[PDB]
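Notes for the one structure printed next.
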Amino acid sequence: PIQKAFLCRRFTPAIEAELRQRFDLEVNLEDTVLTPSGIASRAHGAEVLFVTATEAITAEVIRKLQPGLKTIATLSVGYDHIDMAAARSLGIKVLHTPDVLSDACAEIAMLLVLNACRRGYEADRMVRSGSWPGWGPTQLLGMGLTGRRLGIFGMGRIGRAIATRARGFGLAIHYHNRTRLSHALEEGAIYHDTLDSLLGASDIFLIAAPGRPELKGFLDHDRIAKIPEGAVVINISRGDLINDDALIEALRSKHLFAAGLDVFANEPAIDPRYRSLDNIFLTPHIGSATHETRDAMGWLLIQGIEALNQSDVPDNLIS
Amino acid sequence: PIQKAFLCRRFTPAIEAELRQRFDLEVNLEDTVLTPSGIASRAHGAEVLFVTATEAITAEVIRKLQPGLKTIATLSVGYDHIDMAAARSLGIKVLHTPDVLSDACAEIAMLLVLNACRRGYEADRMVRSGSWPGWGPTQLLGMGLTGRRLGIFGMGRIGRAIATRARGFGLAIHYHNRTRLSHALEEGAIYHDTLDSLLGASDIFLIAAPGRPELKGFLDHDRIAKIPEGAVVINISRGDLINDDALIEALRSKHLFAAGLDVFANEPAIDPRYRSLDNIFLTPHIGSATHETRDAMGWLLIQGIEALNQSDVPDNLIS
Amino acid sequence: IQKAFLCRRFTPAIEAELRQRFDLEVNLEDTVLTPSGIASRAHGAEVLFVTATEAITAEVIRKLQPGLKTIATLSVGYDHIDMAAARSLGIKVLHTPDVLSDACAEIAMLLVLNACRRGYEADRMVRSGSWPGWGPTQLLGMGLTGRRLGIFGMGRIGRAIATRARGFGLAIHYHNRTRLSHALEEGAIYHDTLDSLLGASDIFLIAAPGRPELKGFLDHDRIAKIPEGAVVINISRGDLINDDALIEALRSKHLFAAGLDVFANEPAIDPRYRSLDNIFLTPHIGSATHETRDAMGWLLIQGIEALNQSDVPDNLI
Amino acid sequence: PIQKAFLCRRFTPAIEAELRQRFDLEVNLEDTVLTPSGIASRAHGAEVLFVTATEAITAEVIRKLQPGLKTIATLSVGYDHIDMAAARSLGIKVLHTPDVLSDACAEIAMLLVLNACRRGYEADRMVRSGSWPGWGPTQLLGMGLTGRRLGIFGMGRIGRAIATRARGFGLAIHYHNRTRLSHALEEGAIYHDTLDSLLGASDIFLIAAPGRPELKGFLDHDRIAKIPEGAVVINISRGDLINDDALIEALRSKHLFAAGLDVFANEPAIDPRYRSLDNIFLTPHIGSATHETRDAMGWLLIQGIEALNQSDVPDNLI
Ligand SMILES: [Cl-]
Ligand SMILES: [Cl-]
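Chains as they are written, first to last, in PDB author numbering: chain C, 6 to 324; chain A, 6 to 324; chain D, 7 to 323; chain B, 6 to 323.
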C-alpha cells in the first residue's frame, strides 16, 4: 500500500518526481525552514517524513506525529537534528546518507584552501573590475602549498578525503582527533595529542570535526593566537564552532593571512563583517552540492525505505 | 667591482633586499610599465638591467643603453620581449628564469578546475551580496571530479605537476603531446596520438601547452564541438590559444558547463563579455604568483649574474 | 518548457535564443502595447519580456495570474514595473545592469565631437548641395586639445567616457557626491561641489544617473557658472536640464554648442531644439549597439536559467 | 617702403588684421578660387603671395608675377600646387605650414568613425524629423568600436594621432605603409606588408595617406571587395583616392555598413549620389578647421617671412 509522506525541503527535481510516484506526497512548496511546531502541524498523518539538517525533529515533533509517523528519512550524513532517544523509544526507523558525500565535501575544502592561499576572491574581482593593470611580479602574491602543514581538526571520513587530495599539493598532513587513527587510515599523518599542539603546527588550520555541543565557539581569541602568524583557517563542518569576533579580528590584524568558510554561525544571517574582507573566500554551504552526490543522497533514502517496506534491514538505518 | 643595476618592475621585498646588497640599485618605484623610450632614459648608466615580460627591450633600447649595459636579466621563462639579435650584436649577456614555476602554476590550474566545476564565482558572489537564502538541497549544484577525465594539452613539467594534484581528486589523466612521454613520466596517463582524440575524451580540457604561432586560436568552434557536452575548459598557458567568440558561445549553449582562465587574448584588455558570465572563474595571470616561486625566479637571476661576474657560464644564459 | 511573451522586438540574434529556450509568442508589429493589451496578449505566459516602454502595473501582474512567475526587463531601471505588486505575489523581477558603458561612452564622445566640431552644420551643408568648397575660415570649431572636460556623476559610464576623452588631450575634471579612490581617478581633478565643477568645465557633461533631487538642476544660474564659450553634453536623463535655460544660452552664445541624447518629455522634445544650428541631437541611442543590446539580453537569459535551476542570479531585483 | 602682398583666400580675422599691419595688403575679398590667369591679374606687383592648396601656382603664374614676386607662402602642409622648379630657377622663397594640423584632423577622423559606426546622420535626422517614436530596443543599432580593428592606410603623423585617439575606444590598430615604422612609432600597431593583407583585416578602413598621383583611385571595386562584409570606410586625406562608383555601390549593396567622408573627388562638385545615402556622414573638408590650428598655420607664414626679412633661415622654408 502507498504510504503518505511529507517533504520538508525541495529536493532535486529527479528525486521529487520519484517521491511523487512512490508515496502519497505532500510538499513544503515554498522551501521554507519549518519550525518544529510547523512540521508537526503540516506533516500530521504522514507515515514517512523527508527532512534535512535544517529541520529540528524534536521529541515533541515525533510524539505529535503519532500514530502515523513510522520513518524519518534525512538527506544528510548527520542526524543530531533528530531526537534519536525519542525516535528509538517509539521504534521510529531513521535513515540517513552515509558514505556518498565525502568526495564532494573534500572538493569544497580544497577549493577554499586554494582560494584562501592564492587569493581567489581578489583575483576574480580584479579581472572583472575592468581595472586589472596586467601582469606584475608582485601582483596578488599568495602562499604556495608545497612544504606547508595542513592541520586537520577532526580528521574523520571527510577529513581523510581532504588529506588525500591535499598530499598531492605537497602539504604535510597533521591532525587531532580524540583517538589516534590506525596506520591504514593515518597514511602518515602527524597525530597531535591535543588541539593546542595541532594549532601550533598548522600553516593551514582546517575544521572537519562533525561538531558537538562541547565544540561550540571553540576557535576563539586564545586559540587563534596559538596558530602561527600568517596562517589560513578553513571551516567546512559547522559555523558555530568558530567565534566570529575572534576570526574577523585576526583576519583584519593579519595574524591570519586569509580564510575560507563554507559554513557560518547563524547562517544565512552571517556576520555582516565577513562580506567586506578581501582575505576571505565564502561559499554558501555547498559542500555536498554536486549533481551526482545530491542524486545519490536521494536514492539512499528511497532505497532504505524500499528495504523497510520488505522487512529487510537498510544499510543506512541509524539505530 | 660594484655594478650599477636598474629594476624596471618591483620584485618581492626579499629579492629587492638581495639586489641592494649586491648592486648600486635604482628602482622604478611606482611599478609602472615603462615604454622603450622610458627604459632608455631611466636606466641610462646601468650595467645590469632587470626586466620582465612587460618590458619591450628593443634594439633601440639596447643601443641607447650603451656603453654601460652589459647584462639583461629577465624575470620570465620566455625572452620574446628582448631583441636577441640586437643583444648578441652588442655582446650583451641575457639571463632568464626557467623550470621553477610548476608547483605554483599547478595550484592555479587546480584552483580554476575546482571553481569552474563547483561554481566558486556564483558561490562567493551570493554570500557576499547578502542574497543567500540559506542551505538547500538544490542550491548551486556543481560537477564532481570523481569518475571524470582530465585531458591535458601539452603535458610538460607544469602539466605533470597538474596531473599529480589532479589524481588525488579521482580524475583520470589523459594527455596529448607531439611525442609520447616515457613510462616514468607518464605515470599511467592515457596518451592521445592527436589533439582531436584528446578533445573527445576530455570532461575537463586543460591547456598547459606553451604558446606558438601555429597554435594561436586553435581552440575554435570546431574543436570545442569535439569536446563532450557538459565539459569544462581551463587555460593557464596563453590567452591567444583560445578563440574567445567560440568559448563564450559554447559557455552559453551549455555545450560547456563552465571555464577557468588565468590568461586572456589581449590581456589586460580581455574580452568584455567574460566578466558577465556566471559559469566562469577568472584570475589575472597569477599562475606563478607565490612568494616562493617569485623568489626562486629572482634567485636564478642573482646566481646567473654572480656566475657571469666570475666569468662562469650560467645554465640560464640565452644563446 | 516555459511559456514566454515578448512585448517588443529584440535583435534577431536574441530572439533566436529566446525561441530556442521558450514557447515564445512575440509582439510582431512591435507596437507599444497598453497595460490592457499586455494583460490580454500575454495571457498564459510564465515569463514576460519587457522594456522600459511597457507599463507593468499591479493589474497587469494580477490579470496574468496564476501563470506569470517572472518579469524580465531589457533595461537598467525598473520604475515601469510595480515592485510592491510583484513582491506580494512572489514574482521574480530581472533587469540588465552594468553592461552599457562602452556603447554609452561612444555616444558621449560622438556628441562631444559633433558639438565642438560642428557636425550638424557640416553634414547639412554638404548634403544640401550648397558647399562652396574648402576655405581657411569655413566651419571653424573648437579643438579638444588642452581643454577641460567636466563630468558630473563619474561612475562606470563616466569613467569609460574619461578613458576615451584622454586620448584627445582633454584634461579630466569631475564631481561625484563621494570622491573616487586615487586609482580610479587616474589623475582626474576632483571638485567637492557641482558649482566648482561647472566653473572649470570647457565641456560640461552629465553622466550622473540622476535622482529626483537633481531634476531641472541645469538652470539659468548654473549654466551662467560655466565659462563663456563652453559645450554642454547630456546622455543621462532629459529632465536634468531646464530647456528654456539651455536654449537661451545657446542663442546668446554663452554656450558655443550642445549635444543631447536625452530630452525632457521625450519623444515630445522642446520643438525649438530642431531649429538650432549649434546643437547635435541623437534619439536616446546611448546603448544602441548590437553587442550591448545582445549583452543585456544575455543577462536576462542567464538570470532565467539560474531561476529555473532554483538558483539566485545577481540581477534579481 | 614695406612689402606688397596679395592674399588669395580669406584667412581668419586675427591673421588678416596682422597681415594688414605688416604689409601693403590686397585681398581676394570674395574668397573665390582664383584661376592661374585670375591670380596673375590680381597679384601683379605683389612681392609676397599668400596662397592655399586651392591656388594653382604654375610656372606661368610665377613668370607673369616677375620681377616683384620673390616669396610664396602657402597655408598648407603640401606644396604640390606650386611649381617648385620654376620657383627655384627664379630664386623665389617658398614657405609652408608643417606639423600643426594632426590633432584637429584626428578629431574629424574620429567624428567620422563615430558617426558612421553609430549612425549619426540618421540619428540627428530622426530627432529633427518630428516623428521620432521614442526609445526602442532595436532603434538605430550600430557597431560598437570595442574589440574592432581600425586599419590605417598610410599611418603618418595624422594616422598616428588618429591611432592615439582610437586606442581609447578599444580599437586594435592595424596599418600598411610602403615602409614599416619603427617600434617606437608603432606603439603596438599591427603591420601588414601588403595593402591586400590590411584590407582583409579592417573592420574600419581608414585612409590617412597623404595624396600622391600613384594612389589616385586606389580604393576600387576589387579592393573594397577585400574589406570584410559590414565594415566602415573613412577618408580624411584626399578625395580622388577613392573610386566613387565602387564606394557608392558597396554602400548601397551593404557590403559596407557605412562611410565617413571629409574629402571627395572633384570637391566641391562631389558625386551627387552621396547626398541620398543614409549610411554616410559627410563633412566639408574641415579636417584642420579649428581656430587654434588655422591661426597657428597663419602665424607660421608670418613668422617665416619675418625671419626672411631678418636674413635668417626659417624652419618652414622649402
Ligand atoms: Cl554600464
Ligand atoms: Cl580651437
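Ideal Cβ positions, reconstructed from N, Cα and C, are used throughout, including at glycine.
**Request:** Return the residue from the list 175/A, 132/A, 289/A that minimises the CA-CA distance to residue 146/C.
**Result:** 289/A
**Message:** Between residue 108/A and chain C, is the shortest Cβ-Cβ distance under 7 Å, so that the two count as touching?
**Reply:** yes
**Prompt:** Under the three-state reduction of DSSP, which class applies to residue 250/A: helix, strand or coil?
**Reply:** helix
**9 Å Cβ cut-off: residues of chain D touching residue 25/B** = Under the 9 Å cutoff, chain D gives no residues; its nearest Cβ is about 16 Å from residue 25/B.
**Asked** residue 191/D: which of 209/D, 168/D, 208/D sits nearest, CA to CA?
**Response** 168/D
**Chain-ordered chain B contacts of residue 63/A [CB-CB under 8 Å]** = 188, 189
**Prompt:** Relative to the C-alpha of residue 114/D, which residue among 166/D, 271/D, 7/D is closest?
**Reply:** Comparing Cα positions, the closest option is 166/D.
**Asked** Just to confirm, are residue 112/A and residue 150/C a CB contact at a threshold of 7 Å?
**Response** yes
**Request:** Using 6 Å as the cut-off, classify the Cβ of residue 80/C as near or not near the heavy atoms of ligand 1, replying yes or no.
**Result:** Short note on residue 80/C: C-beta not closer than 6 Å to any heavy atom of ligand 1.
**Prompt:** Roughly how many angstroms separate the alpha carbons of residue 193/A and residue 319/D, rounded to a whole number?
**Reply:** 42 Å
**Minimum length 3: unbroken beta strand (DSSP E) runs contained in the region 39-78 of chain C** = 53-56
**Asked** Over what stretch of residues does the alpha helix (DSSP H) that includes residue 130/D continue unbroken?
**Response** Unbroken alpha helix (DSSP H) run through residue 130/D: 125-133.
**Asked** Is residue 49/B near ligand 2, judged by its Cβ being under 6 Å from some heavy atom?
**Response** no
**Item:** Neighbourhood of residue 82/C by C-beta, 7 Å cutoff - its chain only, sequence neighbours within 5 removed
**Value:** 101, 102, 103, 106
**Item:** Boundaries (first-last residue) of the beta strand (DSSP E) holding residue 9/D
**Value:** Its beta strand (DSSP E) spans residues 9-12.
**Prompt:** Which value, in whole angstroms, describes the spacing of the CA atoms of residue 229/B and residue 142/C?
**Reply:** 46 Å
**Message:** Rounded to whole angstroms, what is the Cα-Cα separation between residue 176/A and residue 195/A?
**Reply:** 12 Å
**Item:** chain B contact residues for residue 230/A, given Cβ-Cβ distances below 9 Å
**Value:** What residue 230/A touches in chain B: nothing, since even the nearest Cβ is about 23 Å away.
**Message:** Let me confirm a value: residue 40/B is counted as buried when at least 16 other C-beta atoms fall within 10 Å, else exposed. Which label applies?
**Reply:** exposed
**Message:** Give me the residue from 306/A, 323/A, 315/A, 321/A with the minimum Cα distance to residue 23/A.
**Reply:** 306/A
**Request:** List the whole-angstrom C-beta distance separating residue 64/A from residue 91/A, where the pair is believed to meet the contact cut-off of C-beta under 8 Å.
**Result:** 4 Å
**Asked** Would residue 10/D pass as a contact of residue 34/D if the rule is Cβ separation under 7 Å?
**Response** The Cβ-Cβ distance between residue 10/D and residue 34/D does not fall below 7 Å.
**Request:** Could you tell me whether the Cβ of residue 40/A comes closer than 7 Å to any Cβ of chain D?
**Result:** No - not a single Cβ of chain D is within 7 Å of the one on residue 40/A.
**Prompt:** Is residue 235/D near ligand 2, in the sense that its beta carbon is under 6 Å from a heavy atom of that ligand?
**Reply:** It does not: the Cβ of residue 235/D is nowhere closer than 6 Å to a heavy atom of ligand 2.
**Asked** To which residues of the same chain is residue 287/A closer than 7 Å at the C-beta, ignoring the five residues directly before and after it?
**Response** 266, 279
**Request:** Run the proximity test for residue 115/B: is its beta-carbon closer than 6 Å to any non-hydrogen atom belonging to ligand 2?
**Result:** no
**Message:** What would DSSP say about residue 307/C, mapped onto helix, strand or coil?
**Reply:** helix
**Request:** Put residue 226/B into one of helix, strand or coil per three-state DSSP.
**Result:** helix
**Asked** Excluding five sequence neighbours on each side, which residues of the same chain lie with their C-beta closer than 6 Å to the C-beta of residue 126/D?
**Response** 286
**Item:** Pocket of ligand 2 (residues with CB nearer than 6 Å to any heavy atom), chain order
**Value:** 148/D, 149/D, 295/B, 296/B, 297/B
**Message:** Considering Cα atoms alone, identify which of 163/C, 172/C, 174/C is closest to residue 182/C.
**Reply:** 163/C
**Asked** If you follow the beta strand (DSSP E) that residue 211/B is part of, which residue opens it and which one closes it?
**Response** 209-212
**Message:** Using only the alpha-carbon positions, how far apart do residue 131/C and residue 136/A sit?
**Reply:** Cα to Cα, residue 131/C sits roughly 22 Å from residue 136/A.
**Request:** May I ask which residues mark the beginning and end of the beta strand (DSSP E) holding residue 29/D?
**Result:** 29-32
**Cα-Cα separation between residue 299/D and residue 153/D, rounded to whole angstroms** = 33 Å
**Prompt:** Residues in the region 251-285 of chain A with C-beta within 9 Å of chain B's C-beta atoms, listed in sequence order?
**Reply:** Answer set for the region 251-285 of chain A: 271, 274, 276, 277.
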